[PDB]
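Encoded as structure tokens, the structure appears first; notes follow it.
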Amino acid sequence: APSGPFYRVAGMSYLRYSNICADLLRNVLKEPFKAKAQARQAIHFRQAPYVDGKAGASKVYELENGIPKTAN
Amino acid sequence: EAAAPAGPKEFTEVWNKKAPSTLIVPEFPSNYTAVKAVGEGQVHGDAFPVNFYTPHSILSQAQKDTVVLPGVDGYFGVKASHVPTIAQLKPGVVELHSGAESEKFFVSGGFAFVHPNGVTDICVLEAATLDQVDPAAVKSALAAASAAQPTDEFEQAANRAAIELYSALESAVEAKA
Amino acid sequence: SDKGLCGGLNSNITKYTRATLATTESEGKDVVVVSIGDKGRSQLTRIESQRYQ
């Protein structure tokens, strides 16, 4: 449906593609460096939309591996 | 067409009318950069400032004389008074040279700009030195990356990026100097 | 911030939120406000509650 590069036409944003490439470069690094490159890879946060002003459901991220390779 | 000429100076002037007057002007990202694009100079012959950046590092900021950038059309090079460029980089080796000595950073991709004043800003996410990658896990992972081929074009586009980054990493690791 | 002993940092940001968010207002422009940190969730709703998402 969109018109762009191979990540953009698939619905993916650019930041997810570039972080997927960063994650796959990180997974093949040297062992004096791969463990400390796991520090810059963890995604731990949460979010919650707010529709009416204070109500909204929660969405929690616990990801130590990196960005989700699966669809957003 | 550009009828809202904003900036730090215009926001300073308009912001003194709607905010309470005791509040000091909020700072801007312009206030911590002494280097711009249209500000001519910063060239000085053969060596040019190479601002090789990273989200989690600053890998280089001193002046270098030639930079090999791995753009999406192919590897190109930047000498001193190069043409202005906004080049998207495919995963490849950014070569920083100061003479005979070359430091080879294999990056993950991400853009690299050349400005009119000759400053070059390589801007990539994961920018590893090619020393710290092993040659074993790349084909070990590409054997699996050549297997999971679904119709899911999200996962298939991730597989395309996977096989292309891994193939470029392989072709950069067998071809050492 | 998330924790709360920061001492008037988040309130200064909550006041510069409206101080820079009223200087945008020239033609009735739509605005979505978003807070990163738990101590902004409680403080922007006092001032901008319908524009919180």
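In the structure tokens, each chain is lettered A, B, ... as it comes, each chain's residues begin at 1, and ligands are numbered from 1 in order of appearance.
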Using only C-alpha atoms, which residues sit within 8 Å of segment 10-23 of chain C once same-chain residues fewer than 6 positions away are excluded, as a PyMOL selection string? (chain B and resi 14-15+18-20+26) or (chain C and resi 1+39-40+43-44+47)
For those residues, write N, CA, C and O atoms to a file as a compact mmCIF listing (two decimals), in the first residue's frame.
```txt
# COMPACT_ATOMS: atom_id res chain seq x y z
N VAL B 14 8.25 36.14 20.25
CA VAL B 14 6.82 35.89 20.39
C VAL B 14 6.52 35.29 21.76
O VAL B 14 5.48 35.57 22.36
N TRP B 15 7.47 34.53 22.31
CA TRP B 15 7.28 33.88 23.60
C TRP B 15 7.30 34.87 24.76
O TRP B 15 6.83 34.52 25.85
N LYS B 18 3.11 35.75 25.27
CA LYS B 18 2.07 34.84 25.72
C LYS B 18 2.42 34.11 27.01
O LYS B 18 1.52 33.80 27.80
N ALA B 19 3.69 33.82 27.25
CA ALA B 19 4.11 33.29 28.53
C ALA B 19 4.22 34.43 29.55
O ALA B 19 4.29 35.60 29.17
N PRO B 20 4.20 34.11 30.85
CA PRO B 20 4.54 35.14 31.85
C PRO B 20 5.99 35.57 31.71
O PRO B 20 6.86 34.78 31.37
N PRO B 26 13.03 29.15 26.88
CA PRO B 26 13.52 27.77 26.86
C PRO B 26 14.62 27.62 25.83
O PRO B 26 14.59 28.25 24.78
N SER C 1 10.23 12.95 35.22
CA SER C 1 10.80 11.89 36.02
C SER C 1 9.73 10.89 36.45
O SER C 1 8.53 11.14 36.36
N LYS C 39 5.46 11.22 36.79
CA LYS C 39 5.16 12.49 37.43
C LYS C 39 4.73 13.56 36.44
O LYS C 39 4.53 14.70 36.85
N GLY C 40 4.60 13.23 35.16
CA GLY C 40 4.01 14.13 34.20
C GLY C 40 2.59 13.72 33.90
O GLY C 40 1.77 14.53 33.44
N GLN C 43 0.43 15.64 36.35
CA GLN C 43 0.57 17.09 36.41
C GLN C 43 0.07 17.82 35.19
O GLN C 43 -0.32 18.99 35.31
N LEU C 44 0.06 17.19 34.02
CA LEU C 44 -0.50 17.84 32.84
C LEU C 44 -2.01 17.78 32.81
O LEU C 44 -2.65 18.64 32.19
N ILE C 47 -3.87 20.82 33.96
CA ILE C 47 -3.86 21.98 33.08
C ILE C 47 -4.43 21.66 31.70
O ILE C 47 -5.22 22.42 31.15
```
Dump as a ChimeraX atom specification the residues of chain C that approach chain A to within 10 Å, counting only C-alpha atoms. /C:34,36-37,41-42,45,48-53
Please produce an output containing N, CA, C and O atoms for each residue in the selection, written as a PDB file, in the first residue's frame.
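Here's the written file selection_28.pdb:
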```pdb
ATOM      1  N   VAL C  34       1.615  14.642  25.456  1.00  0.00           N
ATOM      2  CA  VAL C  34       2.091  13.312  25.824  1.00  0.00           C
ATOM      3  C   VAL C  34       3.157  13.497  26.896  1.00  0.00           C
ATOM      4  O   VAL C  34       3.957  14.431  26.825  1.00  0.00           O
ATOM      5  N   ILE C  36       6.234  11.665  29.218  1.00  0.00           N
ATOM      6  CA  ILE C  36       7.129  10.557  29.507  1.00  0.00           C
ATOM      7  C   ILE C  36       7.553  10.688  30.961  1.00  0.00           C
ATOM      8  O   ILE C  36       8.122  11.707  31.364  1.00  0.00           O
ATOM      9  N   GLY C  37       7.261   9.665  31.757  1.00  0.00           N
ATOM     10  CA  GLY C  37       7.491   9.715  33.185  1.00  0.00           C
ATOM     11  C   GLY C  37       6.189   9.761  33.954  1.00  0.00           C
ATOM     12  O   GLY C  37       5.234  10.399  33.505  1.00  0.00           O
ATOM     13  N   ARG C  41       2.292  12.447  34.163  1.00  0.00           N
ATOM     14  CA  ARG C  41       0.941  11.924  34.015  1.00  0.00           C
ATOM     15  C   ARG C  41      -0.029  12.588  34.976  1.00  0.00           C
ATOM     16  O   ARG C  41      -1.189  12.830  34.627  1.00  0.00           O
ATOM     17  N   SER C  42       0.438  12.909  36.178  1.00  0.00           N
ATOM     18  CA  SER C  42      -0.411  13.504  37.192  1.00  0.00           C
ATOM     19  C   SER C  42      -0.510  15.013  37.052  1.00  0.00           C
ATOM     20  O   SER C  42      -1.458  15.606  37.571  1.00  0.00           O
ATOM     21  N   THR C  45      -2.597  16.791  33.492  1.00  0.00           N
ATOM     22  CA  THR C  45      -4.044  16.621  33.528  1.00  0.00           C
ATOM     23  C   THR C  45      -4.727  17.747  34.299  1.00  0.00           C
ATOM     24  O   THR C  45      -5.893  18.062  34.036  1.00  0.00           O
ATOM     25  N   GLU C  48      -4.047  20.520  31.118  1.00  0.00           N
ATOM     26  CA  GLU C  48      -4.547  20.129  29.794  1.00  0.00           C
ATOM     27  C   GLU C  48      -5.000  18.674  29.861  1.00  0.00           C
ATOM     28  O   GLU C  48      -4.203  17.756  29.661  1.00  0.00           O
ATOM     29  N   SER C  49      -6.295  18.473  30.109  1.00  0.00           N
ATOM     30  CA  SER C  49      -6.844  17.135  30.277  1.00  0.00           C
ATOM     31  C   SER C  49      -7.506  16.574  29.031  1.00  0.00           C
ATOM     32  O   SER C  49      -7.447  15.359  28.819  1.00  0.00           O
ATOM     33  N   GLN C  50      -8.139  17.417  28.212  1.00  0.00           N
ATOM     34  CA  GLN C  50      -8.772  16.927  26.992  1.00  0.00           C
ATOM     35  C   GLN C  50      -7.750  16.673  25.892  1.00  0.00           C
ATOM     36  O   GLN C  50      -8.010  15.882  24.979  1.00  0.00           O
ATOM     37  N   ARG C  51      -6.587  17.317  25.966  1.00  0.00           N
ATOM     38  CA  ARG C  51      -5.554  17.189  24.949  1.00  0.00           C
ATOM     39  C   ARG C  51      -4.494  16.164  25.339  1.00  0.00           C
ATOM     40  O   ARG C  51      -3.416  16.129  24.748  1.00  0.00           O
ATOM     41  N   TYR C  52      -4.801  15.308  26.311  1.00  0.00           N
ATOM     42  CA  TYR C  52      -3.888  14.271  26.779  1.00  0.00           C
ATOM     43  C   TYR C  52      -4.241  12.951  26.113  1.00  0.00           C
ATOM     44  O   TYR C  52      -5.418  12.588  26.040  1.00  0.00           O
ATOM     45  N   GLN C  53      -3.229  12.243  25.617  1.00  0.00           N
ATOM     46  CA  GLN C  53      -3.497  10.989  24.927  1.00  0.00           C
ATOM     47  C   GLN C  53      -2.642   9.814  25.389  1.00  0.00           C
ATOM     48  O   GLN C  53      -3.096   8.673  25.313  1.00  0.00           O
TER      49      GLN C  53
END
```
9 Å contact set for segment 30-36 of chain A, only C-alpha atoms, chain neighbours under 6 positions out, as an NGL selection string: :B and (131-134)
Expected file contents, prior selection, N, CA and C atoms, as a tab-separated table (two decimals), in the first residue's frame:
```tsv
chain	number	residue	atom	x	y	z
B	131	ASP	N	36.93	-5.49	14.17
B	131	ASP	CA	37.69	-6.40	15.02
B	131	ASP	C	36.78	-7.27	15.87
B	132	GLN	N	35.68	-6.70	16.38
B	132	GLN	CA	34.89	-7.36	17.41
B	132	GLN	C	33.67	-8.09	16.86
B	133	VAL	N	33.76	-8.63	15.65
B	133	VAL	CA	32.73	-9.51	15.11
B	133	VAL	C	33.36	-10.88	14.87
B	134	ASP	N	32.56	-12.02	15.22
B	134	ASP	CA	33.28	-13.23	14.84
B	134	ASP	C	32.87	-13.71	13.46
```
Distance limit 6 Å, atoms considered: only C-alpha atoms. Which chain A residues sit that close to chain B? Return them as a list in words.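 Taking only C-alpha atoms into account, residues 10, 21, 22, 28, 29 and 30 of chain A sit within 6 Å of chain B.
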For residue 120 of chain B, which residue out of B:10, B:73, B:65, B:1 is the nearest one, using only C-alpha atoms?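 For residue 120 of chain B, the nearest of the candidates is B:65.
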Where does DSSP see strand (DSSP E or B) in segment 5-82 of chain B, if you list the residues as a ChimeraX atom specification? /B:48-50,52-53,58-60,63-64,66-71,75-78
Write out the residues from the selection above, keeping N, CA and C atoms, as a PDB file, in the first residue's frame.
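The resulting file, selection_38.pdb, is shown below:
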```pdb
ATOM      1  N   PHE B  48      39.099  17.058   6.417  1.00  0.00           N
ATOM      2  CA  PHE B  48      37.789  17.632   6.680  1.00  0.00           C
ATOM      3  C   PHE B  48      37.192  17.014   7.937  1.00  0.00           C
ATOM      4  N   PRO B  49      36.364  17.764   8.671  1.00  0.00           N
ATOM      5  CA  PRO B  49      35.789  17.246   9.926  1.00  0.00           C
ATOM      6  C   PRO B  49      34.758  16.152   9.690  1.00  0.00           C
ATOM      7  N   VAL B  50      35.012  14.987  10.275  1.00  0.00           N
ATOM      8  CA  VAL B  50      34.174  13.804  10.129  1.00  0.00           C
ATOM      9  C   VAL B  50      33.511  13.526  11.466  1.00  0.00           C
ATOM     10  N   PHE B  52      31.611  11.304  12.984  1.00  0.00           N
ATOM     11  CA  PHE B  52      31.099   9.942  13.066  1.00  0.00           C
ATOM     12  C   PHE B  52      30.432   9.759  14.424  1.00  0.00           C
ATOM     13  N   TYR B  53      29.102   9.726  14.426  1.00  0.00           N
ATOM     14  CA  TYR B  53      28.274   9.668  15.622  1.00  0.00           C
ATOM     15  C   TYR B  53      27.604   8.310  15.741  1.00  0.00           C
ATOM     16  N   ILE B  58      30.352   8.591  20.535  1.00  0.00           N
ATOM     17  CA  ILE B  58      30.874   9.476  19.506  1.00  0.00           C
ATOM     18  C   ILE B  58      32.183   8.830  19.084  1.00  0.00           C
ATOM     19  N   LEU B  59      32.201   8.239  17.892  1.00  0.00           N
ATOM     20  CA  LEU B  59      33.335   7.412  17.511  1.00  0.00           C
ATOM     21  C   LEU B  59      34.482   8.226  16.943  1.00  0.00           C
ATOM     22  N   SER B  60      34.194   9.384  16.358  1.00  0.00           N
ATOM     23  CA  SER B  60      35.232  10.248  15.823  1.00  0.00           C
ATOM     24  C   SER B  60      34.673  11.649  15.678  1.00  0.00           C
ATOM     25  N   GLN B  63      39.411  15.806  12.380  1.00  0.00           N
ATOM     26  CA  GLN B  63      39.400  16.006  10.938  1.00  0.00           C
ATOM     27  C   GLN B  63      40.160  14.888  10.236  1.00  0.00           C
ATOM     28  N   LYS B  64      39.535  14.298   9.219  1.00  0.00           N
ATOM     29  CA  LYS B  64      40.152  13.267   8.398  1.00  0.00           C
ATOM     30  C   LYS B  64      40.170  13.711   6.941  1.00  0.00           C
ATOM     31  N   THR B  66      40.019  11.411   4.010  1.00  0.00           N
ATOM     32  CA  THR B  66      39.163  10.646   3.108  1.00  0.00           C
ATOM     33  C   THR B  66      38.344   9.611   3.869  1.00  0.00           C
ATOM     34  N   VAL B  67      37.045   9.572   3.571  1.00  0.00           N
ATOM     35  CA  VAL B  67      36.085   8.697   4.233  1.00  0.00           C
ATOM     36  C   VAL B  67      35.389   7.865   3.170  1.00  0.00           C
ATOM     37  N   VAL B  68      35.397   6.552   3.345  1.00  0.00           N
ATOM     38  CA  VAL B  68      34.677   5.641   2.466  1.00  0.00           C
ATOM     39  C   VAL B  68      33.348   5.316   3.131  1.00  0.00           C
ATOM     40  N   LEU B  69      32.252   5.744   2.510  1.00  0.00           N
ATOM     41  CA  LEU B  69      30.915   5.563   3.041  1.00  0.00           C
ATOM     42  C   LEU B  69      30.163   4.520   2.240  1.00  0.00           C
ATOM     43  N   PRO B  70      29.524   3.564   2.877  1.00  0.00           N
ATOM     44  CA  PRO B  70      28.793   2.506   2.157  1.00  0.00           C
ATOM     45  C   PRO B  70      27.332   2.824   1.836  1.00  0.00           C
ATOM     46  N   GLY B  71      27.119   3.704   0.859  1.00  0.00           N
ATOM     47  CA  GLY B  71      25.782   4.112   0.467  1.00  0.00           C
ATOM     48  C   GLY B  71      24.978   2.982  -0.156  1.00  0.00           C
ATOM     49  N   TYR B  75      29.602   1.685  -2.434  1.00  0.00           N
ATOM     50  CA  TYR B  75      30.605   2.404  -1.662  1.00  0.00           C
ATOM     51  C   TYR B  75      31.056   3.643  -2.412  1.00  0.00           C
ATOM     52  N   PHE B  76      31.022   4.784  -1.746  1.00  0.00           N
ATOM     53  CA  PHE B  76      31.555   6.002  -2.319  1.00  0.00           C
ATOM     54  C   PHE B  76      32.539   6.614  -1.341  1.00  0.00           C
ATOM     55  N   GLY B  77      33.222   7.653  -1.787  1.00  0.00           N
ATOM     56  CA  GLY B  77      34.255   8.274  -0.987  1.00  0.00           C
ATOM     57  C   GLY B  77      34.056   9.771  -0.922  1.00  0.00           C
ATOM     58  N   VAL B  78      34.529  10.350   0.174  1.00  0.00           N
ATOM     59  CA  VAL B  78      34.399  11.777   0.424  1.00  0.00           C
ATOM     60  C   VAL B  78      35.800  12.336   0.602  1.00  0.00           C
TER      61      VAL B  78
END
```
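Nearest residue to chain C, choosing from B:74, B:23, B:3, B:33 and counting only C-alpha atoms: B:23.
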Run DSSP on the backbone of this structure and report the residues of segment 89-145 of chain B it assigns to helix (DSSP H, G or I), as number ranges by chain. B: 130-132, 137-145
Create the file for the chosen residues now, containing N, CA and C atoms and written as a compact mmCIF listing (two decimals), in the first residue's frame.
```txt
# COMPACT_ATOMS: atom_id res chain seq x y z
N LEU B 130 35.27 -3.60 13.11
CA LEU B 130 35.21 -4.92 12.51
C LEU B 130 36.12 -5.94 13.21
N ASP B 131 36.93 -5.49 14.17
CA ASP B 131 37.69 -6.40 15.02
C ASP B 131 36.78 -7.27 15.87
N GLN B 132 35.68 -6.70 16.38
CA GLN B 132 34.89 -7.36 17.41
C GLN B 132 33.67 -8.09 16.86
N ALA B 137 29.61 -16.88 13.51
CA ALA B 137 28.18 -16.75 13.75
C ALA B 137 27.42 -16.13 12.59
N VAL B 138 28.11 -15.56 11.60
CA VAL B 138 27.42 -14.84 10.54
C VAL B 138 26.80 -15.81 9.54
N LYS B 139 27.60 -16.75 9.02
CA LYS B 139 27.03 -17.80 8.19
C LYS B 139 26.19 -18.77 9.01
N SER B 140 26.53 -18.93 10.30
CA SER B 140 25.73 -19.74 11.21
C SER B 140 24.32 -19.18 11.37
N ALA B 141 24.18 -17.86 11.33
CA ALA B 141 22.88 -17.23 11.39
C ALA B 141 22.23 -17.09 10.02
N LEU B 142 23.03 -16.96 8.96
CA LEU B 142 22.48 -16.81 7.62
C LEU B 142 21.92 -18.14 7.11
N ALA B 143 22.40 -19.26 7.64
CA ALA B 143 21.80 -20.55 7.30
C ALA B 143 20.37 -20.65 7.81
N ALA B 144 20.10 -20.07 8.99
CA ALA B 144 18.73 -20.02 9.48
C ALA B 144 17.94 -18.90 8.81
N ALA B 145 18.60 -17.79 8.50
CA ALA B 145 17.94 -16.66 7.85
C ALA B 145 17.56 -16.97 6.41
```
Find the distance between atom CA of residue 71 of chain A and atom CA of residue 18 of chain A and write it in Å to one decimal.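 One can read the atom CA of residue 71 of chain A to atom CA of residue 18 of chain A distance as 14.7 Å.
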Can you work out the spacing between atom CA of residue 11 of chain A and atom CA of residue 69 of chain A in Å, to one decimal?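 A separation of 13.1 Å between them.
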